[PDB]
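Undergrad: This is final-v5.txt (compact mmCIF, N, CA and C atoms and all ligand atoms).
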# COMPACT_ATOMS: atom_id res chain seq x y z
N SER Z 1 21.49 1.91 6.77
CA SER Z 1 20.99 3.31 6.75
C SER Z 1 20.44 3.73 5.39
N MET Z 2 21.00 3.20 4.30
CA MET Z 2 20.52 3.55 2.96
C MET Z 2 19.18 2.90 2.68
N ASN Z 3 18.47 3.43 1.69
CA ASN Z 3 17.20 2.85 1.30
C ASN Z 3 17.42 1.65 0.40
N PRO Z 4 16.58 0.61 0.54
CA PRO Z 4 16.64 -0.51 -0.38
C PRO Z 4 16.02 -0.14 -1.73
N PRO Z 5 16.24 -0.97 -2.76
CA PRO Z 5 15.46 -0.75 -3.96
C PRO Z 5 13.99 -0.94 -3.64
N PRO Z 6 13.10 -0.25 -4.36
CA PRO Z 6 11.68 -0.37 -4.05
C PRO Z 6 11.15 -1.74 -4.44
N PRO Z 7 9.94 -2.08 -3.98
CA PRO Z 7 9.37 -3.33 -4.44
C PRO Z 7 9.17 -3.31 -5.96
N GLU Z 8 9.31 -4.48 -6.55
CA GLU Z 8 9.09 -4.72 -7.96
C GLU Z 8 7.71 -4.24 -8.42
N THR Z 9 7.66 -3.46 -9.51
CA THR Z 9 6.37 -3.10 -10.14
C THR Z 9 6.23 -3.63 -11.57
N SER Z 10 7.27 -4.28 -12.06
CA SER Z 10 7.32 -4.86 -13.40
C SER Z 10 8.18 -6.11 -13.34
N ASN Z 11 7.75 -7.16 -14.03
CA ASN Z 11 8.49 -8.41 -14.09
C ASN Z 11 7.97 -9.26 -15.24
N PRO Z 12 8.72 -9.34 -16.36
CA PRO Z 12 8.21 -10.11 -17.50
C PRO Z 12 8.03 -11.60 -17.23
N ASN Z 13 8.61 -12.11 -16.14
CA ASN Z 13 8.49 -13.53 -15.79
C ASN Z 13 7.30 -13.84 -14.89
N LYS Z 14 6.65 -12.81 -14.36
CA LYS Z 14 5.52 -13.00 -13.45
C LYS Z 14 4.22 -13.06 -14.24
N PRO Z 15 3.38 -14.07 -13.98
CA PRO Z 15 2.11 -14.10 -14.68
C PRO Z 15 1.15 -13.04 -14.13
N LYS Z 16 0.28 -12.52 -14.98
CA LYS Z 16 -0.65 -11.48 -14.57
C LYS Z 16 -1.97 -11.55 -15.32
N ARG Z 17 -2.98 -10.89 -14.76
CA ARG Z 17 -4.31 -10.82 -15.36
C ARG Z 17 -4.95 -9.49 -15.08
N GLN Z 18 -6.02 -9.22 -15.83
CA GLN Z 18 -6.98 -8.19 -15.47
C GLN Z 18 -8.27 -8.89 -15.04
N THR Z 19 -8.63 -8.78 -13.76
CA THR Z 19 -9.91 -9.30 -13.24
C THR Z 19 -10.81 -8.13 -12.82
N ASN Z 20 -12.11 -8.39 -12.71
CA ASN Z 20 -13.04 -7.35 -12.29
C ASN Z 20 -12.73 -6.88 -10.86
N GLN Z 21 -12.21 -7.78 -10.03
CA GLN Z 21 -11.84 -7.42 -8.66
C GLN Z 21 -10.62 -6.50 -8.62
N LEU Z 22 -9.63 -6.78 -9.47
CA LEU Z 22 -8.46 -5.91 -9.58
C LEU Z 22 -8.82 -4.54 -10.15
N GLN Z 23 -9.77 -4.51 -11.09
CA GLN Z 23 -10.26 -3.24 -11.62
C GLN Z 23 -10.94 -2.41 -10.52
N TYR Z 24 -11.72 -3.08 -9.68
CA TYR Z 24 -12.35 -2.45 -8.52
C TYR Z 24 -11.30 -1.91 -7.56
N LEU Z 25 -10.24 -2.69 -7.33
CA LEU Z 25 -9.18 -2.26 -6.43
C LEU Z 25 -8.49 -0.98 -6.91
N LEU Z 26 -8.38 -0.79 -8.22
CA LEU Z 26 -7.77 0.44 -8.74
C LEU Z 26 -8.78 1.59 -8.75
N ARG Z 27 -9.96 1.34 -9.30
CA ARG Z 27 -10.91 2.42 -9.59
C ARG Z 27 -11.71 2.88 -8.38
N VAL Z 28 -11.93 1.99 -7.42
CA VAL Z 28 -12.68 2.33 -6.22
C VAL Z 28 -11.76 2.41 -4.99
N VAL Z 29 -11.03 1.33 -4.69
CA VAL Z 29 -10.29 1.26 -3.43
C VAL Z 29 -9.09 2.21 -3.41
N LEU Z 30 -8.17 2.05 -4.36
CA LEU Z 30 -6.99 2.91 -4.43
C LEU Z 30 -7.37 4.38 -4.61
N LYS Z 31 -8.35 4.65 -5.47
CA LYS Z 31 -8.79 6.03 -5.69
C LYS Z 31 -9.36 6.66 -4.42
N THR Z 32 -10.15 5.90 -3.67
CA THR Z 32 -10.73 6.38 -2.41
C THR Z 32 -9.63 6.72 -1.39
N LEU Z 33 -8.67 5.82 -1.22
CA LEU Z 33 -7.61 6.05 -0.25
C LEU Z 33 -6.64 7.15 -0.68
N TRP Z 34 -6.34 7.21 -1.98
CA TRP Z 34 -5.33 8.14 -2.49
C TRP Z 34 -5.66 9.59 -2.22
N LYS Z 35 -6.94 9.94 -2.27
CA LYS Z 35 -7.36 11.34 -2.10
C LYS Z 35 -7.68 11.72 -0.65
N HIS Z 36 -7.56 10.77 0.27
CA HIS Z 36 -7.74 11.06 1.69
C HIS Z 36 -6.68 12.03 2.15
N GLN Z 37 -7.04 12.94 3.05
CA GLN Z 37 -6.09 13.94 3.53
C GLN Z 37 -4.84 13.34 4.18
N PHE Z 38 -4.96 12.12 4.73
CA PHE Z 38 -3.83 11.46 5.39
C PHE Z 38 -3.09 10.46 4.50
N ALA Z 39 -3.37 10.46 3.20
CA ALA Z 39 -2.73 9.52 2.28
C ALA Z 39 -1.26 9.81 2.00
N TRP Z 40 -0.85 11.07 2.05
CA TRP Z 40 0.46 11.45 1.50
C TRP Z 40 1.68 10.72 2.05
N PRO Z 41 1.71 10.39 3.36
CA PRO Z 41 2.91 9.66 3.80
C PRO Z 41 3.04 8.26 3.22
N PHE Z 42 1.94 7.71 2.71
CA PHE Z 42 1.86 6.36 2.21
C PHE Z 42 1.92 6.29 0.68
N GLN Z 43 2.09 7.43 0.02
CA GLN Z 43 2.05 7.48 -1.45
C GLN Z 43 3.35 7.10 -2.16
N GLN Z 44 4.38 6.76 -1.39
CA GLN Z 44 5.67 6.36 -1.94
C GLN Z 44 6.42 5.57 -0.89
N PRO Z 45 7.46 4.82 -1.28
CA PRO Z 45 8.24 4.08 -0.29
C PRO Z 45 8.76 4.94 0.86
N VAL Z 46 8.83 4.38 2.06
CA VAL Z 46 9.39 5.08 3.19
C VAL Z 46 10.84 5.47 2.88
N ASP Z 47 11.13 6.76 2.93
CA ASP Z 47 12.48 7.26 2.69
C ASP Z 47 13.15 7.42 4.04
N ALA Z 48 13.84 6.37 4.46
CA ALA Z 48 14.43 6.29 5.78
C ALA Z 48 15.65 7.21 5.91
N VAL Z 49 16.24 7.59 4.79
CA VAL Z 49 17.32 8.56 4.79
C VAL Z 49 16.77 9.96 5.09
N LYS Z 50 15.74 10.36 4.35
CA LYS Z 50 15.07 11.64 4.58
C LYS Z 50 14.58 11.77 6.03
N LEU Z 51 14.04 10.68 6.58
CA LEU Z 51 13.49 10.67 7.94
C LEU Z 51 14.53 10.44 9.04
N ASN Z 52 15.77 10.15 8.64
CA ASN Z 52 16.83 9.75 9.58
C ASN Z 52 16.36 8.61 10.48
N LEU Z 53 15.86 7.55 9.86
CA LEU Z 53 15.43 6.36 10.57
C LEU Z 53 16.25 5.19 10.06
N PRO Z 54 17.52 5.10 10.49
CA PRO Z 54 18.40 4.08 9.93
C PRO Z 54 18.03 2.65 10.31
N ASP Z 55 17.11 2.48 11.26
CA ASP Z 55 16.60 1.17 11.60
C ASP Z 55 15.34 0.73 10.87
N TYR Z 56 14.73 1.60 10.07
CA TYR Z 56 13.43 1.28 9.50
C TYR Z 56 13.49 -0.04 8.72
N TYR Z 57 14.47 -0.16 7.84
CA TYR Z 57 14.60 -1.35 6.99
C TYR Z 57 15.36 -2.50 7.65
N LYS Z 58 15.67 -2.34 8.94
CA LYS Z 58 16.04 -3.46 9.80
C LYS Z 58 14.79 -4.07 10.45
N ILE Z 59 13.88 -3.21 10.88
CA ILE Z 59 12.65 -3.64 11.54
C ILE Z 59 11.60 -4.13 10.54
N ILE Z 60 11.52 -3.45 9.40
CA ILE Z 60 10.52 -3.74 8.38
C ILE Z 60 11.20 -4.39 7.19
N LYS Z 61 10.96 -5.68 7.03
CA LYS Z 61 11.61 -6.47 5.99
C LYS Z 61 10.72 -6.70 4.76
N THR Z 62 9.44 -6.34 4.83
CA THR Z 62 8.56 -6.42 3.67
C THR Z 62 7.88 -5.06 3.47
N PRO Z 63 8.65 -4.08 2.97
CA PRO Z 63 8.06 -2.75 2.81
C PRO Z 63 6.99 -2.72 1.74
N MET Z 64 6.01 -1.84 1.94
CA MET Z 64 4.99 -1.62 0.93
C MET Z 64 4.38 -0.25 1.13
N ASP Z 65 3.92 0.33 0.03
CA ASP Z 65 3.32 1.66 0.05
C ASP Z 65 2.30 1.74 -1.07
N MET Z 66 1.44 2.76 -1.03
CA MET Z 66 0.39 2.90 -2.04
C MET Z 66 0.91 3.33 -3.40
N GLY Z 67 2.07 3.99 -3.45
CA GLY Z 67 2.66 4.33 -4.72
C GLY Z 67 3.01 3.07 -5.49
N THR Z 68 3.60 2.11 -4.78
CA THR Z 68 3.94 0.81 -5.36
C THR Z 68 2.68 0.07 -5.79
N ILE Z 69 1.66 0.07 -4.93
CA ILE Z 69 0.40 -0.60 -5.25
C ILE Z 69 -0.27 0.02 -6.49
N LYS Z 70 -0.30 1.35 -6.54
CA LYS Z 70 -0.85 2.06 -7.71
C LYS Z 70 -0.11 1.66 -8.99
N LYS Z 71 1.22 1.64 -8.95
CA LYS Z 71 2.00 1.19 -10.11
C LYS Z 71 1.68 -0.26 -10.47
N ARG Z 72 1.58 -1.13 -9.46
CA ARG Z 72 1.30 -2.53 -9.74
C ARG Z 72 -0.08 -2.70 -10.39
N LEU Z 73 -1.07 -1.96 -9.90
CA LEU Z 73 -2.41 -2.01 -10.50
C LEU Z 73 -2.42 -1.46 -11.92
N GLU Z 74 -1.80 -0.30 -12.12
CA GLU Z 74 -1.76 0.35 -13.44
C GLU Z 74 -0.91 -0.41 -14.46
N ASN Z 75 0.12 -1.11 -13.99
CA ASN Z 75 1.00 -1.91 -14.84
C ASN Z 75 0.52 -3.35 -15.01
N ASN Z 76 -0.64 -3.69 -14.44
CA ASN Z 76 -1.17 -5.05 -14.50
C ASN Z 76 -0.12 -6.07 -14.06
N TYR Z 77 0.38 -5.87 -12.85
CA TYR Z 77 1.40 -6.72 -12.25
C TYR Z 77 0.80 -7.93 -11.53
N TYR Z 78 -0.43 -7.79 -11.05
CA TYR Z 78 -1.03 -8.80 -10.19
C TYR Z 78 -1.74 -9.92 -10.94
N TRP Z 79 -1.78 -11.10 -10.33
CA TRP Z 79 -2.57 -12.20 -10.84
C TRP Z 79 -3.98 -12.18 -10.29
N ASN Z 80 -4.12 -11.83 -9.02
CA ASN Z 80 -5.44 -11.81 -8.39
C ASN Z 80 -5.57 -10.71 -7.35
N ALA Z 81 -6.80 -10.51 -6.89
CA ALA Z 81 -7.12 -9.48 -5.91
C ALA Z 81 -6.43 -9.72 -4.57
N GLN Z 82 -6.28 -10.98 -4.17
CA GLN Z 82 -5.66 -11.26 -2.88
C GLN Z 82 -4.21 -10.78 -2.83
N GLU Z 83 -3.48 -10.85 -3.94
CA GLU Z 83 -2.11 -10.31 -3.99
C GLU Z 83 -2.11 -8.83 -3.66
N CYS Z 84 -3.07 -8.10 -4.22
CA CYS Z 84 -3.16 -6.67 -3.98
C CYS Z 84 -3.62 -6.36 -2.56
N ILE Z 85 -4.66 -7.05 -2.11
CA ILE Z 85 -5.17 -6.88 -0.75
C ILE Z 85 -4.07 -7.14 0.28
N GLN Z 86 -3.23 -8.14 0.02
CA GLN Z 86 -2.12 -8.45 0.92
C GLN Z 86 -1.13 -7.30 0.97
N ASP Z 87 -0.89 -6.65 -0.16
CA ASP Z 87 0.00 -5.49 -0.20
C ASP Z 87 -0.53 -4.35 0.67
N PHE Z 88 -1.82 -4.06 0.56
CA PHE Z 88 -2.44 -3.06 1.43
C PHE Z 88 -2.28 -3.44 2.90
N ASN Z 89 -2.58 -4.69 3.22
CA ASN Z 89 -2.45 -5.14 4.61
C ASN Z 89 -1.02 -5.08 5.14
N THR Z 90 -0.06 -5.42 4.29
CA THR Z 90 1.36 -5.28 4.65
C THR Z 90 1.69 -3.82 4.96
N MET Z 91 1.22 -2.90 4.13
CA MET Z 91 1.48 -1.49 4.36
C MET Z 91 0.97 -1.05 5.73
N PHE Z 92 -0.25 -1.44 6.08
CA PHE Z 92 -0.81 -1.03 7.37
C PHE Z 92 -0.05 -1.67 8.53
N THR Z 93 0.18 -2.98 8.42
CA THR Z 93 0.86 -3.74 9.46
C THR Z 93 2.26 -3.19 9.72
N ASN Z 94 2.99 -2.84 8.66
CA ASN Z 94 4.32 -2.26 8.83
C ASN Z 94 4.26 -1.00 9.69
N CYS Z 95 3.27 -0.17 9.44
CA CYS Z 95 3.11 1.06 10.17
C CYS Z 95 2.84 0.78 11.65
N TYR Z 96 1.99 -0.21 11.92
CA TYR Z 96 1.64 -0.55 13.30
C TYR Z 96 2.78 -1.22 14.05
N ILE Z 97 3.64 -1.93 13.32
CA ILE Z 97 4.81 -2.58 13.91
C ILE Z 97 5.91 -1.57 14.24
N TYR Z 98 6.25 -0.70 13.30
CA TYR Z 98 7.37 0.21 13.48
C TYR Z 98 7.09 1.32 14.48
N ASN Z 99 5.88 1.85 14.45
CA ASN Z 99 5.52 3.05 15.21
C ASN Z 99 4.77 2.69 16.50
N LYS Z 100 4.72 3.64 17.43
CA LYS Z 100 4.05 3.41 18.71
C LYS Z 100 2.56 3.65 18.58
N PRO Z 101 1.74 2.96 19.40
CA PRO Z 101 0.32 3.31 19.42
C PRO Z 101 0.15 4.78 19.78
N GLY Z 102 -0.79 5.46 19.14
CA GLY Z 102 -1.00 6.88 19.41
C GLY Z 102 -0.02 7.84 18.74
N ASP Z 103 0.95 7.32 17.98
CA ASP Z 103 1.71 8.17 17.06
C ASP Z 103 0.76 8.71 16.00
N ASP Z 104 1.02 9.93 15.54
CA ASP Z 104 0.22 10.52 14.46
C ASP Z 104 0.14 9.63 13.24
N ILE Z 105 1.25 9.01 12.85
CA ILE Z 105 1.25 8.20 11.62
C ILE Z 105 0.33 6.99 11.77
N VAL Z 106 0.22 6.47 13.00
CA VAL Z 106 -0.66 5.33 13.27
C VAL Z 106 -2.13 5.75 13.17
N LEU Z 107 -2.46 6.93 13.69
CA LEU Z 107 -3.81 7.48 13.54
C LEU Z 107 -4.17 7.65 12.07
N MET Z 108 -3.21 8.12 11.28
CA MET Z 108 -3.41 8.29 9.85
C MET Z 108 -3.64 6.94 9.17
N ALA Z 109 -2.79 5.94 9.46
CA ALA Z 109 -2.96 4.61 8.89
C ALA Z 109 -4.31 3.99 9.28
N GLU Z 110 -4.72 4.18 10.53
CA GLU Z 110 -6.00 3.64 10.99
C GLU Z 110 -7.18 4.25 10.22
N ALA Z 111 -7.10 5.54 9.90
CA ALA Z 111 -8.15 6.20 9.12
C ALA Z 111 -8.25 5.58 7.73
N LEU Z 112 -7.09 5.38 7.10
CA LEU Z 112 -7.05 4.76 5.78
C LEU Z 112 -7.53 3.31 5.81
N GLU Z 113 -7.15 2.58 6.86
CA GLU Z 113 -7.52 1.17 6.96
C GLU Z 113 -9.03 1.03 7.17
N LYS Z 114 -9.63 1.94 7.92
CA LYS Z 114 -11.09 1.92 8.10
C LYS Z 114 -11.81 2.05 6.75
N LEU Z 115 -11.36 2.99 5.92
CA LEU Z 115 -11.91 3.15 4.57
C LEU Z 115 -11.63 1.91 3.72
N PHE Z 116 -10.41 1.41 3.79
CA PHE Z 116 -10.02 0.21 3.06
C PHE Z 116 -10.96 -0.97 3.34
N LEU Z 117 -11.20 -1.26 4.62
CA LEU Z 117 -12.06 -2.38 4.98
C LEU Z 117 -13.51 -2.19 4.53
N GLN Z 118 -14.04 -0.97 4.64
CA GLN Z 118 -15.37 -0.67 4.11
C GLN Z 118 -15.45 -1.02 2.62
N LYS Z 119 -14.45 -0.60 1.86
CA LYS Z 119 -14.41 -0.87 0.42
C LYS Z 119 -14.16 -2.34 0.08
N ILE Z 120 -13.32 -3.01 0.86
CA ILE Z 120 -13.05 -4.43 0.61
C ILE Z 120 -14.21 -5.33 1.01
N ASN Z 121 -14.97 -4.95 2.04
CA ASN Z 121 -16.21 -5.66 2.38
C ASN Z 121 -17.16 -5.65 1.17
N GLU Z 122 -17.09 -4.58 0.38
CA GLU Z 122 -17.89 -4.42 -0.85
C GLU Z 122 -17.22 -4.97 -2.12
N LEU Z 123 -16.19 -5.79 -1.98
CA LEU Z 123 -15.49 -6.34 -3.14
C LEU Z 123 -16.47 -7.17 -3.98
N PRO Z 124 -16.54 -6.92 -5.29
CA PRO Z 124 -17.47 -7.70 -6.11
C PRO Z 124 -17.03 -9.15 -6.28
N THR Z 125 -17.98 -10.02 -6.63
CA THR Z 125 -17.65 -11.40 -6.99
C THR Z 125 -17.02 -11.42 -8.38
N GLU Z 126 -16.27 -12.48 -8.66
CA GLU Z 126 -15.56 -12.62 -9.94
C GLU Z 126 -16.52 -12.82 -11.11
N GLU Z 127 -16.23 -12.17 -12.23
CA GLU Z 127 -17.01 -12.34 -13.46
C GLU Z 127 -16.62 -13.64 -14.16
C1 LIG Z 201 4.55 5.27 7.11
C2 LIG Z 201 5.40 5.28 8.34
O1 LIG Z 201 5.34 4.37 9.16
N1 LIG Z 201 6.23 6.35 8.56
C3 LIG Z 201 6.41 7.44 7.65
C4 LIG Z 201 6.51 7.23 6.29
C5 LIG Z 201 6.69 8.30 5.44
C6 LIG Z 201 6.76 9.60 5.91
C7 LIG Z 201 6.96 10.72 4.96
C8 LIG Z 201 6.48 10.64 3.65
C9 LIG Z 201 6.72 11.64 2.73
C10 LIG Z 201 7.46 12.75 3.08
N2 LIG Z 201 7.61 13.79 2.13
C11 LIG Z 201 7.63 13.72 0.79
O2 LIG Z 201 7.57 12.66 0.16
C12 LIG Z 201 7.68 15.05 0.08
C13 LIG Z 201 6.28 15.46 -0.39
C14 LIG Z 201 5.26 15.63 0.73
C15 LIG Z 201 3.79 15.62 0.28
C16 LIG Z 201 3.41 16.74 -0.68
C17 LIG Z 201 1.91 16.80 -0.97
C18 LIG Z 201 1.44 15.72 -1.91
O3 LIG Z 201 2.04 15.47 -2.96
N3 LIG Z 201 0.35 15.08 -1.53
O4 LIG Z 201 -0.16 14.07 -2.34
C19 LIG Z 201 7.93 12.87 4.39
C20 LIG Z 201 7.70 11.86 5.30
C21 LIG Z 201 6.67 9.81 7.29
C22 LIG Z 201 6.47 8.74 8.16
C23 LIG Z 201 6.42 8.85 9.67
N4 LIG Z 201 6.86 10.18 10.12
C24 LIG Z 201 6.00 11.17 10.43
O5 LIG Z 201 6.34 12.21 10.93
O6 LIG Z 201 4.80 10.96 9.86
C25 LIG Z 201 3.80 12.08 9.95
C26 LIG Z 201 3.13 12.16 8.62
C27 LIG Z 201 2.85 11.76 11.05
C28 LIG Z 201 7.32 7.79 10.31
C29 LIG Z 201 7.05 6.38 9.79
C30 LIG Z 201 8.31 5.55 9.63
In structure tokens, write the structure found in this file.
Ligand SMILES: CC(=O)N1c2ccc(-c3ccc(NC(=O)CCCCCCC(=O)NO)cc3)cc2[C@H](NC(=O)OC(C)C)C[C@@H]1C
TA:
Amino acid sequence: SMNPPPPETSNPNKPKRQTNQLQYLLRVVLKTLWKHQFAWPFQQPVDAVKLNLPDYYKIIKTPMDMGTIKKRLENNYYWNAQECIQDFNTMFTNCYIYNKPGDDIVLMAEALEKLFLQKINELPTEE
């Protein structure tokens, strides 16, 4: 029933870089999604205590949210763009797994994912 610790956003043992693709992911992709009217439920880890969803972290074993992604991008946690893209995809997939089709939260996630894919289709090549 309690919340787990959030995903790691800092780790001195993990290798990291700044790439042009990761810069794009922060400045274009994350910025575009963050200001969407339906972004707010995804801006921090799912608080299963607040929501009284004691099964959330039984069903969802790889939690992810945009607050964590924003911290990882700003803290230069990632090695490459695919690590970040996978985090976004995990966030969407978790929502589709836990919730029913046609739930409001699923409609919200689908709106964000549509924008995400438009922006990722436009991902620049590596410098
Ligand atoms: C992502 C996901 O799958 N879920 C989820 C996750 C988080 C929340 C959620 C998130 C945040 C809060 N409230 C707060 O953090 C307090 C501040 C609210 C926002 C203030 C405005 C702002 O700062 N905007 O940027 C409550 C539920 C609700 C749902 C979903 N519940 C629900 O009623 O979602 C509606 C938004 C449709 C259930 C589900 C488990």
Undergrad: Produce the centre coordinates and the three edge lengths, each in Å to one decimal, of the box along x, y and z that contains all listed atoms of ligand LIG 201 (chain Z) with 3 Å added on each side, as JSON.
TA:
{"center_x": 4.1, "center_y": 10.6, "center_z": 4.0, "size_x": 14.5, "size_y": 18.4, "size_z": 20.0}
Undergrad: For ligand LIG 201 (chain Z), collect every residue having any atom at a distance of at most 6 Å from a ligand atom (counting all atoms listed in the file); output as a ChimeraX atom specification.
TA: /Z:40-42,46-47,94-95,99,104-105
Undergrad: Quick one, how far is atom N of residue 15 (chain Z) from atom N of residue 89 (chain Z)?
TA: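 Taking atom N of residue 15 (chain Z) and atom N of residue 89 (chain Z), their separation equals 20.5 Å.
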Undergrad: Which residues of region 35-79 of chain Z come within 7 Å of region 16-29 of chain Z, and for each one, what is the closest pair of atoms and their distance in Å to one decimal, counting all atoms listed in the file, sorted by chain and residue number, as a tab-separated table?
TA:
residue	atom	partner	partner_atom	distance
Z:73	CA	Z:26	CA	6.2
Z:74	N	Z:26	CA	6.9
Z:76	C	Z:16	CA	5.5
Z:77	C	Z:16	CA	4.9
Z:78	C	Z:16	CA	4.1
Z:79	CA	Z:17	N	4.2
Undergrad: What does the distance from CA of residue 112 (chain Z) to atom N of residue 124 (chain Z) come to in Å, to one decimal?
TA: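 Those two atoms sit 18.7 Å apart.
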Undergrad: For residue 44 (chain Z), which residue out of Z:58, Z:31, Z:97, Z:66 is the nearest one, using only N, CA and C atoms?
TA: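 Selected residue with least distance to residue 44 (chain Z): Z:66.
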Undergrad: Around the point (4.7, -2.8, 6.7), in the coordinates given by the file, pick out the residues reaching within 12 Å, counting only C-alpha atoms, and return them as JSON, numbers by chain.
TA: {"Z": [42, 45, 46, 56, 57, 58, 59, 60, 61, 62, 63, 64, 65, 66, 86, 87, 88, 89, 90, 91, 92, 93, 94, 95, 96, 97, 98, 99, 106, 109]}
Undergrad: Which polymer residues have any atom within 8 Å of an atom of residue 113 (chain Z), counting only N, CA and C atoms, with same-chain residues fewer than 5 positions away left out, as a short mmCIF file (atom, residue, chain, number, x, y, z; two decimals) with N, CA and C atoms, in the coordinates of the input?
TA:
data_model
loop_
_atom_site.label_atom_id
_atom_site.label_comp_id
_atom_site.auth_asym_id
_atom_site.auth_seq_id
_atom_site.Cartn_x
_atom_site.Cartn_y
_atom_site.Cartn_z
N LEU Z 33 -8.67 5.82 -1.22
CA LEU Z 33 -7.61 6.05 -0.25
C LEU Z 33 -6.64 7.15 -0.68
N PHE Z 92 -0.25 -1.44 6.08
CA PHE Z 92 -0.81 -1.03 7.37
C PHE Z 92 -0.05 -1.67 8.53
N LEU Z 107 -2.46 6.93 13.69
CA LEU Z 107 -3.81 7.48 13.54
C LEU Z 107 -4.17 7.65 12.07
N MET Z 108 -3.21 8.12 11.28
CA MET Z 108 -3.41 8.29 9.85
C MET Z 108 -3.64 6.94 9.17
N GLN Z 118 -14.04 -0.97 4.64
CA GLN Z 118 -15.37 -0.67 4.11
C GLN Z 118 -15.45 -1.02 2.62
N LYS Z 119 -14.45 -0.60 1.86
CA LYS Z 119 -14.41 -0.87 0.42
C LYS Z 119 -14.16 -2.34 0.08
#
Undergrad: Between CA of residue 34 (chain Z) and CA of residue 13 (chain Z), what distance in Å does the model show, to one decimal?
TA: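 Interatomic distance here is 28.9 Å.
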